[PDB]
Structures are given as C-alpha cells and as structure tokens.
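Consider the single chain below, provided in structure tokens and representing the form deposited in one PDB entry.
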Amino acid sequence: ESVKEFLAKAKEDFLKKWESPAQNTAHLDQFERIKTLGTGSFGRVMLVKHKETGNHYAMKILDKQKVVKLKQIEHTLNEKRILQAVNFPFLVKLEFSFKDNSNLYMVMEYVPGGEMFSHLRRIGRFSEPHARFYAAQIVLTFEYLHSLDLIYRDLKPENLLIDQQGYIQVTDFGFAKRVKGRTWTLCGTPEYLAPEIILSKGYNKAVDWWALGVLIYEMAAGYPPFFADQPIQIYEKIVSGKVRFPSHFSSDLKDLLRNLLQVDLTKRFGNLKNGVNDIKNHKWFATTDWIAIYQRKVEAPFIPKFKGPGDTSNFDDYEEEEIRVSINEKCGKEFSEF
C-alpha cells in the first residue's frame, strides 16, 4: 500500500493548488515566438523562447471569442485549473498562464520528440512490447488522475508527446473535469468514444479505460478498432461493440482488449471491485515493472532523433499566423478566473 500512500499525498498537494490556482504568472512580451507546432479546432500551439532565461516552451493560444462561440468557456476554465494543479511524470507541466485583451495563453514544457500520432502513422504499427511500454504509462497516469476524481476524456495518439528519453507526456486537458458523480457531456474523439457516451447515458471514469483499449488496439494494429469515413458510421460500429483482432495479436493482448473494450460496465476492467489492479496484474502486463516505469528506469523502445535545442523536425509545418491582440478587452467577465 505504498501506491495508496503515494496517492494520499498526491491528493493533498493537488487540492491545495485546486483551491488556490496560480494566475497571471507571465506576459506575452516575455516570449519570442519561433514556430507553430500545431493548429486546429483545438487552438494553436507555438514554440516560444523565454527571453529572460532563454528556455524553450510550448505556448497554447486560445482566441477568447472563438472559445465563447464554441461554447467551451467552462471546459477551458477546467483545463487551466486542472493542469496547473496536477503533478505526475507523464503529464505535461504548465509553467505559466496569462491572458490579454484577445487571447488566453498556457505556456507548457516543450516536448521535442513530437506526437505519438506522427511516429505511429509513419512506422505503421508498434510491436506489442513497444505498445505495452506506452500503455503502462497511461495506466499509471489514469490511476493518478482518477484518484483525484479527474476524468480525462480525450485519450488518443494525437495527445501523447514523446520526450527526449522516449517516455510519454500527456497534453491537452480541454475535456478534463473534476467530478465525483456521473457526467453527461458528449465530448471526445469519435474513434475513442465509449458506448455509454454515444448513447447519452451519463457516464463516469470508466470511459477512460475504454479509451485505453482503443489506444492499445490502435498502437498494436496500426488502425483503430472502429473506423469509417464519417462519425455517424463510427458510432454505429462502437455501439455494436464487435471487435475483430489482427491475426498477429497475441492471445493475452486479445484477452486484455476484450475486457477493456467491454460494453458491460459490470465487467469492464478498471471499473470493477479490484480497480486498476485487474489491469496491472493482467497476463499481457506480466513482464511490466510498474515501479521502474514510474521512476523512468526502463529503457525506452524508441528514442526521438533530436539535433538542436529548439529543433522542430519532429513536428509538421503549418502556416504561420499573426497573434493579433485587439485594442479592447473581449469576454472579460467570462474568463475572469483564468
């Protein structure tokens, strides 16, 4: 019960930051903008250099007016409150946050190895030991998050960054939520949605363990267990729940996946009386040393190739856009707590 003891003290540290969140800890002028590392409906993430220390960071920029328009105000306040409060080896660190007239800014530690998504698509698929190495890190991270009553709700390779030592850093807490009961928001990514989300049932932390099943499948197969050209067709496949496995999947992997990709909440691993230990003690994880993983003592199966200090070869190229800061404050009352 030293996991039990680690988590008790983890919670005391989280709650102190949760109740008194850090706010307005830098300013845009302290950073020089270098390159856009990512951009989509989720916002825009730029490599920046902190002028006074020269440190490199990844700065997420959110347009306040666009957040309001997408009705993502509360989710955005969730994300910053939660991310500034957590502390775990596989969660990206939030170093500073601030806002100006037009934008919200979250300055995170820069993870130079790129997105797992990039390497997975290029390489095709990961071998089972390679996928097991990443999966173990997610299992420990969800154990940590869920003990704080946090639901993550957006696991996918696009949100997992690879650091210089080959370990995972989870990013994007846009859908993360602290909740003790059930919740109802339809959010996530189509391929990763648990059936109870699609069926508008009210759901809990068990949806994260379903998403882990999708991730492990996608890493080991090279494609997700439910895909189609349009989301409506993906949802139909998810709710029937019939998974076919590639012929090269081991017998243990298939058995773990049948228990994670389980429509019946009374049988889904992670959700039962034994909690996460049904997963940690499964046969597929028998060669996994959970303490060595946490301590980062396991040699990683893949090490990113990294040349410079702000080298960005592991990220795609995007059209650089201006960072326009209006002359008037926008949505002041909505984001007062940011």
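Quick note: we count residues from 1 along the sequence shown, nothing fancier. Superpose the two forms; the largest set of C-alphas matching within 1.5 Å is the rigid core.
What follows is about the form deposited in another entry, which we do not show.
Just one of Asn281, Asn274, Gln295, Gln30 moves its Cα by 2 Å or more between this form and the one not shown on a rigid core overlay, and this residue is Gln30. The Cα shift for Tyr105 between this form and the one not shown, taken after rigid core superposition, is 2 angstroms or larger. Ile73 shows a C-alpha shift of 2 Å or greater between this form and the one not shown [criterion: core-superposed Cα displacement of 2 Å].
Compared with the form shown here, the Cα atoms of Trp184 and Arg44 move at least 3 Å farther apart in that other deposited form.
Inter-residue distance, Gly40 to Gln84 (Cα): reduced by at least 3 Å in that other deposited form versus the depicted form.
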